[PDB]
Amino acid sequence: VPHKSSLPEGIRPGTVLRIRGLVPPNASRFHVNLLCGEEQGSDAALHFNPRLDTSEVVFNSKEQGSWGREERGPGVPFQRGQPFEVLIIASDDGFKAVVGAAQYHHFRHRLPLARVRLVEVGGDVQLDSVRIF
């Protein structure tokens, strides 16, 4: 099942998104999106997109239809058939991505944190839990 949930007020510096799940043994890719509205293709403050098929993790944002400059984490801290824990942490400057007891990548903001209205987590992924503190 894909996870979609609303953040009607916004994310402030201090919001923490915790995701726990499994990467299916035949996964291609999955994604974590933080969006500015209820429509698919709405602006994306963060697109967190680990591709097991091509062995990269990709970070970017979307404004008015078009992707920004892509950012790529180092190595791939996911593996097929194996469970994971991701923390996405919001600062005043960017997003911290923590995967498996270690920081992984920092993503300078491109969109005001305040314009975020939605968390969606879909793709080739089994979710045990998705929660925002």
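Start at 1 and count along the sequence shown; that's the residue number.
Visitor: Which is higher on average in the deposited entry, the C-alpha temperature factors of 104-112 or of 37-45?
Guide: The stretch with the larger mean CA B-factor is 37-45.
Visitor: Which is higher in the entry, the mean Cα B factor of 120-128 or that of 7-15?
Guide: Taking the mean B-factor of the alpha carbons in each, 7-15 is higher.
Visitor: Which one of 89, 86, 58, 76 shows the top CA temperature factor in the record?
Guide: Going by the entry's C-alpha B-factors, 76 comes out highest.
Visitor: Which of these, 62, 72, 69, 29, has its C-alpha atom at the highest B-factor, as the entry lists it?
Guide: Largest recorded C-alpha B-factor: 29.
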